[PDB]
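Atoms within each ligand, like the ligands themselves, are counted from 1 in listed order. Each residue takes its place number in the sequence, starting with 1.
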Amino acid sequence: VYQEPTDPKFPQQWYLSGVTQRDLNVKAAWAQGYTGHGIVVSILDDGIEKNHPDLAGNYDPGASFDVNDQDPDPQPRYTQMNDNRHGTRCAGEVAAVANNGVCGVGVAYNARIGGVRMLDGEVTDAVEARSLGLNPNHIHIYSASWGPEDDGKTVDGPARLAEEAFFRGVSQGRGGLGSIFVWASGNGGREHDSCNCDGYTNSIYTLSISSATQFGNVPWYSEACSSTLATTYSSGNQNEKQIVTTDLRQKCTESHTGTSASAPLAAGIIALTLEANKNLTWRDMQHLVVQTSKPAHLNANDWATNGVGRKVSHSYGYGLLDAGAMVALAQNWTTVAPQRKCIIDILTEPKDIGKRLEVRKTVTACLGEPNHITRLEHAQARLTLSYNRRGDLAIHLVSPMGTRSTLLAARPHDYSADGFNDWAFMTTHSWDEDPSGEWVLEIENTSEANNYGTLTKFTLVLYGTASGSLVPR
Ligand SMILES: C[NH+]1CCN(c2ncc(Oc3cc(C[N@@H+]4CC[C@H](OCC(=O)O)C4)cc(-c4cc(Cl)cc(Cl)c4)n3)cn2)CC1
Ligand SMILES: [Ca+2]
Ligand SMILES: [Ca+2]
Ligand SMILES: [Ca+2]
Ligand SMILES: [Cl-]
Ligand code: NA
Ligand code: NA
């Protein structure tokens, strides 16, 4: 009975549907009756062309605001160079109207879509907070494709107001179930960037997404890191197809690119999942992504099996999002137990880094206490250290189950002498593992230079629950 979209550019949306099994399995969700009805997604970017022929039908003023000019209208500023087109491109990926003879379709082509015009001007902490905290009892999912500079030498994250907006969002947003913040892991690949240095994607409150090329490869712009959860297809080389979506000036583009095009496809899949079960919390959504993502056909030299039998990669997280599997598992999903937080201060004194430093600690994960964790979700190693050349450091964290997470890879362009000031390096690779036992932190100087520094604090922060495990994969 299900009839696929008839839009002129839908056959060119190879990532939505394809006979070759190299797609996001979105037709399977559409055939099950999930197209995004009743869900509301907002794009945090340079504005949205609300009158675009493929967006007008799903446009929602209630999911929109212009934070740069302080008004409700997020219309982009038109320039001869078409600079403010990215938000319109992202909005079409999520919710371009289907069966209307225009361009292609959104992943959640019946969802309501809005945009926050926030990148066309100075991006301050207050601007970010007003964007992240926009109408949190109406907007279900926020999609953000950018963050701090992808120059491979920046370490930056949300300042106080933005971090408070994430807290308020996941706690009180969406009737207490929590705002779903979807984030692109970054486009700093050619600068050898490591995405744990970007506090927005490295946050536990954001559901971070990386990219795969059409032939299943790690694109030139991709950043590897342990905070990434999953992947969606995006652009690659000039023999590989790209993202087909709505463009500025009521046009259609077949050349939308980067990890900044992967996050909106994930926001659309998350919108279909939320239609299958409106009661999913922000943490339930991250659990569904971990359980249903598919490593198959994604090529990487770092695929590793974690303590619970799941394959995980620093380029792809748990693999490609699978919309059909996400919606099937969401329908009878049991709400996860409240989040526990176990804080373990690992150091009894400062430690010289030198050429290499290994810190081992056997932990009980708050045994006998209400914050006892037997099922890990996110794990953070909050490090404070001084170092003369930050980019020469590579940091790893091995969990008691043997899962080796790269917290920081060498960044050749990072010459900073500022070190890390309580930086919360996060990993999703030990999800569902029992955190009891020996944790090992390894800090190494990857260069031949006589570098020097000291680790002054290592707090291992574990998040999770103490019940409801599945039999390992
Ligand atoms: C072609 N196009 C490409 C996209 N683009 C662009 N423009 C600016 C930009 O920069 C930042 C920087 C930061 C770090 N912030 C900055 C201020 C805070 O520090 C203040 C403090 O310390 O108080 C830390 C955050 C964000 C950010 C982005 C999204 Cl999407 C949503 C949210 Cl919530 C935040 N954007 C990224 N992309 C426009 C041009
Ligand atoms: Ca405006
Ligand atoms: Ca269309
Ligand atoms: Ca980056
Ligand atoms: Cl917390
Ligand atoms: Na994240
Ligand atoms: Na264990």
Identity and separation of the nearest protein heavy atom to atom 8 (C) of ligand 1 | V123 CG2, 3.9 Å
Any donor-acceptor pair under 3.5 Å linking the side chain of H378 with the backbone of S227?
-> no
Under 4.0 Å from one or more heavy atoms of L132, ligand 1 contributes atoms 33 (Cl)
Among all protein non-hydrogen atoms, which one is nearest to atom 10 (O) of ligand 1, and what is the separation to 0.1 Å?
-> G147 O, 3.5 Å
Give a yes-or-no answer on whether the side chains of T232 and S262 include a donor-acceptor pair shorter than 3.5 Å.
-> yes
Taking both backbone and side chain into account, is any N, O or S atom of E223 nearer than 3.0 Å to the Ca ion (ligand 4)?
-> yes
Can you find a protein heavy atom closer to atom 2 (N) of ligand 1 than 4.0 Å?
-> no
Answer whether the closest heavy-atom distance between the side chains of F420 and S386 falls below 4.5 Å.
-> no
Location of contacts on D46 toward ligand 1, heavy atoms closer than 4.0 Å | neither
Indicate whether atom 21 (C) of ligand 1 is within a distance of less than 4.0 angstrom of some protein heavy atom.
-> yes
Please determine if the Ca ion (ligand 3) has an N/O/S atom from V102 lying under 3.0 Å away.
-> yes
Considering distance alone, does some N or O of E128 sit under 3.5 Å from an N or O of ligand 1?
-> yes
Ligand 1 atoms in contact with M118 (distance to a heavy atom under 4.0 Å) | 31 (C), 32 (C)
Should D193 and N187 count as side-chain neighbours, where that means a heavy-atom distance under 4.5 Å?
-> no
For ligand 1, note which part of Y142 has a heavy atom under 4.0 Å away: side chain, backbone, both or neither.
-> neither
Salt bridge present between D418 and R390 (N-O < 4.0 angstrom) | no
From OG1 (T245) to CZ (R85), nearest 0.5 Å | 11.5 Å
Could you tell me whether the side chains of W431 and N306 share a donor-acceptor contact shorter than 3.5 Å?
-> no
For ligand 1, is there an atom lying under 4.0 Å from some heavy atom of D45?
-> no
Residue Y109, metal the Ca ion (ligand 3), N/O/S under 3.0 Å = no
Would you check if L44 and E128 make a side-chain contact, meaning some heavy-atom pair closer than 4.5 Å?
-> no
How many degrees, to 10°, between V97 O and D54 OD2 as seen from the Ca ion (ligand 3)?
-> 100°
Between the side chains of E223 and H192, does any donor sit under 3.5 Å from an acceptor?
-> no
Can you sort out which atoms of ligand 1 are near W183, meaning under 4.0 Å from one of its heavy atoms?
-> 31 (C), 32 (C), 33 (Cl)
Distance-only side-chain donor-acceptor flag, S208 / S185, under 3.5 Å = no
Report yes if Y200 has an N/O atom closer than 3.5 Å to an N/O atom of ligand 1; otherwise report no.
-> yes
for atom 7 (N) of ligand 1, nearest protein heavy atom and its distance come out as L119 CD2, 4.0 Å
Short N-O contact, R77 and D120, less than 4.0 angstrom | yes
Residue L44 vicinity, atoms of ligand 1 by number, heavy atom under 4.0 Å = 30 (Cl)
Where the Ca ion (ligand 3) is the corner point, what angle links OD2 of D7 with OD1 of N100, to 10°?
-> 80°
With the Ca ion (ligand 4) at the apex, how many degrees lie between OD1 of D150 and OD2 of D193, rounded to 10 degrees?
-> 100°
Just need the protein heavy atom nearest to atom 29 (C) of ligand 1, so name the residue and atom and give the distance.
-> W146 O, 3.6 Å
Report yes or no: do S447 and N445 form a side-chain donor-acceptor pair below 3.5 Å?
-> yes
Option whose closest heavy atom lies nearest to atom 23 (O) of ligand 1, chosen from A144, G87, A159 | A159
Is there a protein heavy atom less than 4.0 Å away from atom 17 (C) of ligand 1?
-> yes
Would you indicate whether the side-chain heavy atoms of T253 and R89 approach each other to under 4.5 Å?
-> yes
Near the Ca ion (ligand 3), is there an N/O/S atom from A98 that is less than 3.0 Å away?
-> no
Side chains of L132 and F166 in contact at under 4.5 Å (non-hydrogen atoms) | yes
Is the Ca ion (ligand 3) less than 3.0 Å from at least one N/O/S atom of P5?
-> no
Rounded to the nearest 0.5 Å, what's the gap from CG on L320 to NZ on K294? Could you check?
-> 9.0 Å
